[PDB]
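Residue numbers (my numbering), protein chains in the order written: chain A, 5 to 350; chain B, 20 to 110; chain C, 2 to 102. To keep things clear, I will list the structure first and then write my remarks on it.
Listed below in structure tokens is the structure:
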């Protein structure tokens, strides 16, 4: 009853505005289905859902501890959850897999090497793989990388995922205190709410008090990742646990995530991989002609302007806006390790 | 070794006192059965439910081990290694 | 690189029907090789209850690789198996012979 008395789920106690569609107010569900403080007036109250998930369906029987928390839960109160209640040893590695949210079919060679690549790096060091969690985007490829390994070897790669509670499909099926609720892994194609990938072993599901709105996970992952790296490993030589940011594909938002990690103290390195597309290939094509970082000639600068304005379909002004961020990312190219697909890069 | 099971199970159900004094235990049995009828076999452990979760998940581990070693021993035996090498040299 | 793939794929697309009609062709052919890579693909819309009905057909026709394939795609055995569906499994006549009667 530690988890029932420490964190708080935030609930839809509000004024029910008409917004655009009268059903879909600031939360986003239907109006009768309703029941932070800006128009959702949310009420913190002890967590309605924490326990174990039996992933019924998809073969491959897996259990996964799940805890609903708010975005205002303290990261020290999170670490007490992972080490004691979840009974997880502090990792020597924190592979954050920030990437694209929409699904991106990669090259088959890329999916194989990103498969065996993220897995064996997780096993041998005993890592926590900090992905998103919902079964779209990069997280679906990490779950397929885990699907390959759980059928060949025995190491339990802890793959803690901070995904939104408001976006998980069948969220009322996973309501209950210390109850092993079976969760069907069926994805209805029509439902905008997306299932959780079954091959994660742990889920911090993040409650912003709304439904179908990303954003609670963004603050909660980064406040957690700081406090991981503040805790030191038992080497006793003065070593914080190293945090890396493996980034593939990615929307236009993830470039500001790249700058938020490179310019941060200490500089969390990025293992941005080309060959997938979108953000990762324009940070890699940027890293190829860097010279001194932002020392790109004006011709390949406008070649960056067009590729931001075509692969992301940005306007001509906002492609310069993302190139402002890309040039400030790239002045610290030395932390931006780029795995070259196949070829000669590692 | 298989007929040891009959030996533990029979002597567990046998009375306490020896055969020359089993008449006392038998009159205890017929007096108790007369009182209870006027008013299962084996040695089981009867585990509680949260221990039954541990025993069940232990067994789901051993299923995942068995098939794994089976597949590894097949895919590392000389019979299958020569078979796969012969087929890929064909390709 | 194979006319075996070329015939069977052209029957699937040439019919151009919905997913349960396509799966019932591969089930009748006992070919999970084409059901894995074309019939069960990314984004392929599956009607409500088509996977559960094809599961009932796969058990009574003794097709062990289809039961693995549909389960990996869902069809939770916990939600499929009812009293009426199990009774239909003991009263099927298709499949191998039995001493049940």
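Even for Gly, the Cβ is constructed at its ideal location relative to N, Cα and C.
Counting C-beta pairs closer than 8 Å gives fewer than three between the segment 42 to 57 of chain A and the segment 56 to 65 of chain C, which falls short of the contact rule.
For residue 186 of chain A, the enclosing beta strand (DSSP E) covers residues 180 to 188. Residues of the segment 33 to 66 of chain A with a C-beta less than 9 Å from any C-beta of chain B: 65, listed in chain order.
Counting along the chain, no alpha helix (DSSP H) covers residue 8 of chain A, and no H or E run does either.
Listed along chain C is no residue with a C-beta nearer than 7 Å to that of residue 112 of chain A; the closest approach is about 13 Å. Within chain A, the residues 61, 62, 188, 189 and 190 have their CB atoms less than 8 Å from the CB of residue 75 of chain C, given in chain order.
For residue 42 of chain C, the closest Cβ of chain A is not nearer than 9 Å. The count of Cβ pairs closer than 8 Å, one atom from the segment 74 to 90 of chain A and one from the segment 24 to 37 of chain A, stays below three, leaving the stretches out of contact. Residues of chain A with a Cβ closer than 8 Å to the Cβ of residue 79 of chain B are, in chain order, 65. Looking only at A:249, A:309 and A:334, the smallest Cα-Cα distance to residue 322 of chain A is reached by A:309. The CB of residue 79 of chain C comes closer than 8 Å to the CB of 60 and 186 in chain A, given here in chain order. No Cβ-Cβ contact shorter than 9 Å links residue 262 of chain A with residue 101 of chain A. Contact between residue 207 of chain A and residue 70 of chain A holds: their C-beta atoms lie close to 4 Å from each other, under 8 Å. Against chain C, the CB of residue 193 of chain A has a partner CB under 9 Å away; the residue lies at that interface. The C-beta of residue 64 of chain B has fewer than 16 other C-beta atoms within 10 Å across all chains shown, which makes the residue exposed. Nearest neighbour of residue 23 of chain A by Cα position, chosen from A:43, A:8 and A:276, turns out to be A:43. Distances from the alpha-carbon of residue 143 of chain A to those of A:107, A:259 and A:340 put A:107 closest.
If one requires a minimum length of 4 residues, the alpha helix (DSSP H) runs lying completely within the segment 122 to 161 of chain A are 142 to 153, in chain order. Between the segment 75 to 82 of chain C and the segment 186 to 197 of chain A, the count of C-beta pairs closer than 8 Å reaches three or more; the two stretches touch.
Take the alpha-carbon of residue 185 of chain A and the one of residue 209 of chain A: they are about 15 Å apart. Under the 9 Å criterion on CB atoms, residue 84 of chain C is classed as non-interfacial with respect to chain A.
For residue 39 of chain C, the nearest beta carbon of chain A is not closer than 9 Å to its own beta carbon. Within the segment 31 to 94 of chain C, the complete alpha helix (DSSP H) runs of at least 4 residues fall at 51 to 61, 65 to 73, 78 to 81 and 84 to 91. Runs of the alpha helix (DSSP H) lying entirely within the segment 206 to 280 of chain A and spanning at least 4 residues, in chain order: 220 to 234 and 258 to 266. A Cβ-Cβ separation of about 4 Å places residue 127 of chain A in contact with residue 159 of chain A under the 8 Å criterion.
Excluding its 5 nearest sequence neighbours in each direction, residue 220 of chain A has C-beta neighbours in its own chain below 7 Å: 75, 168, 210, 211 and 212, listed in chain order.
Residue state for residue 47 of chain A is assigned as strand, using DSSP reduced to three classes. Rounded to whole angstroms, the Cβ separation of residue 46 of chain C and residue 27 of chain C is 17 Å, and the two are not in contact under 8 Å. Judged by DSSP secondary structure, residue 315 of chain A falls within the alpha helix (DSSP H) whose first and last residues are 302 to 315. For residue 67 of chain A, the uninterrupted beta strand (DSSP E) segment begins and ends at 67 to 74. Annotated as proximal: residue 245 of chain A and residue 233 of chain A, with beta-carbon spacing under 9 Å. Residue pairing of residue 198 of chain A in beta bridges, as defined by DSSP: A:172.
Contact between residue 67 of chain C and residue 33 of chain C is confirmed by a C-beta separation of about 6 Å, below the 8 Å threshold. Residue contact with chain A for residue 69 of chain C: present (Cβ-Cβ distance below 9 Å to some residue of chain A).
Contact between residue 287 of chain A and residue 340 of chain A holds: their C-beta atoms lie close to 7 Å from each other, under 8 Å. In this structure, residue 130 of chain A lies near residue 97 of chain A, with their beta-carbon atoms less than 9 Å apart.
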